[PDB]
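What follows is one chain in structure tokens, specifically the form deposited in one PDB entry.
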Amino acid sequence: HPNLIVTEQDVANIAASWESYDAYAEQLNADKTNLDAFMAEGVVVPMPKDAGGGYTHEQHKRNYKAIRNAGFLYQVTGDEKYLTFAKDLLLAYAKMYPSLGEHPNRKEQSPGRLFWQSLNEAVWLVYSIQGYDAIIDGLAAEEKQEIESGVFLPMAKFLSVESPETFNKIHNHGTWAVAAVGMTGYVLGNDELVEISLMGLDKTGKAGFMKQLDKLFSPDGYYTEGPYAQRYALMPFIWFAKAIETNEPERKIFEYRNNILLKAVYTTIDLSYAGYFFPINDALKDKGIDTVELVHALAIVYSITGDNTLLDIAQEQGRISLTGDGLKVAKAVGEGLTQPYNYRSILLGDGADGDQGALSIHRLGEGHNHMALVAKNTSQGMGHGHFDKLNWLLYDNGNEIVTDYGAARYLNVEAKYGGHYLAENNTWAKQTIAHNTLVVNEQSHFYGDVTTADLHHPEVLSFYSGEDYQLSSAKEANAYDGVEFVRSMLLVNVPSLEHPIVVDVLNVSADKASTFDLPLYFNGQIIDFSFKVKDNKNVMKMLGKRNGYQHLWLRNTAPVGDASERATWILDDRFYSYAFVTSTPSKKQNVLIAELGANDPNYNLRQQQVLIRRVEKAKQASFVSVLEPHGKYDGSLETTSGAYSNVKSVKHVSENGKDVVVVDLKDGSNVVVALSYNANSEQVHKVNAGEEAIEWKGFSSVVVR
């Protein structure tokens, strides 16, 4: 002991060299200093009272971190004050725990004792057991016995046999539970606890850790609920794996399922941009790569693989794992071994077999602050999922440009409903109108019904990644009765332009005349519009009555027609121009500029603007657009250039269900995008685009003339 997340040899290596690595030493010293301050407050173990974000909740969180850090610092420095503090905390817990019933403000579905919900109880155990592992050296037999019978065994029992619906769950809450109990199993030398964690309560392998490894990741290491859920699941997966590896290496856990755990870690990184995870489905916008689950996971994977490109990400994290694996990262960074991360455009198939729709991630450009397009053509993702089939996000210049709201929630802020999902999470954040995808008749996809949405996934039609252009194309046939829509999204490299451009083609057919809405949630300040806004007459009225529309104010409506229109905005030092045209038999076309905040008496919603393209009384529409990063603005040096869009216009023609988009540029050149929706790469196609005839092979073609 220790022999779990750190080994005795790890401790010896850390003791020998931690002061030699500047960032590791700064990290370790910060922790030491902070713990010293916490210790001066004494041993403070309150009776459970408060739910999420409340005092007792955050106090017991502070204690599990203290137990773990104290144990580590005892091993590394030899200072008995850290042993004594960790010991005294655990003895206080051992005295208190046996008397605890259900938390007084418990969560209905999975209650805890120490905590309002059993989830945090599992986290407590994961951390606290490591601290215990690290202090066993300095404890008397009777102290071990008291702590083990007082808190560890009763808590392990609670989280396992007394909570079968969580422990046998094939879900990240199950992952946390089996990691907590299994790690306890390894530290305490309790084979039963280890076995039930690996193979479920009945030990058959129908549930448990091995089943979770098979079910909770696609073969490429993608977690269906999204990056936010993925990074959270990554800790109990990678820490229980680390524990299995240090105790039972013969199980070859890091080889399991074609190295699924390694793949899960790389995929977590590939679900981020400029340090932040793509905020799709339930997600908080401030969650990024310095989150501790990925800090630890990266160190573990670096230790296994020696992949020096991981060191690039490590530097971007600005936080290092205080472990033996972290020491290896610090050493390699200090030796100048860092290589750049190889960002790839990837198609991540959804579900355990990677066959339930997919998340497309298209990247173009050098370094971390490149251009990234995300096409969300994924399955539902259960109750965590948003009603946003074929949604998209755009990143550029280190910023989110075309955005996803994430969840309506304030993490661990008790005054915001105990840090839990707010009423507006369902009524705003999940709804289709809140996203950059098609809304029909002011109703959400699947009519906002999770049960229906869970039965369906989008059909991916094409994925292409080349030096000329990038493409994803997908079909949604099940979101509404008598409606089908297809969306193709492209990143096009135009040599004459500073930055790649997005081309978007969203086609819709409906049995009955409908309203079609396509929002664009943008980040930045409007410079100008090509269209004329109607006077709002000094009032903003709620946009609509239901399904998220009741949360939007209408700031202006602007009538539009056959010709393409433009909106240009600034964000930091770059301009963005959205050129858009909609082909439809209907003449009832209008642009709505809306702002978030109606039906929000509790001020839970952020300020946010949106450009909504609306067609009314239509059975068919082709929403076409271009998104163009351009120019420079430097407020510091007081300069600018290329502030005007280089797109003169956008035109669209559809013939025999095949699409042609012509982007006319200001220098007299043009870009032609052609879509056949036919996978046969050798099949020739022909479309009459007004004057000229367009001829191409394959699913798609892009030509710059």
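Numbers for residues come from their place in the sequence shown, where the first is 1. Between two forms, the rigid core is defined as the largest C-alpha subset superposing within 1.5 Å.
Keep in mind that the form deposited in another entry is not shown, yet the notes after this line are about it.
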When the rigid core of both forms is overlaid, which of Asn604, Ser272, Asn190, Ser622 is the one whose C-alpha moves 2 angstroms or more between this form and the one not shown?
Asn190
Flag for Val533, CA shift 2 Å or larger between this form and the one not shown after aligning core
no
Please say whether, between this form and the one not shown, the C-alpha of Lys430 moves by 2 Å or more once the core is aligned.
no
Is there a C-alpha shift of 2 Å or more at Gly78 between this form and the one not shown once the rigid core is superposed?
yes
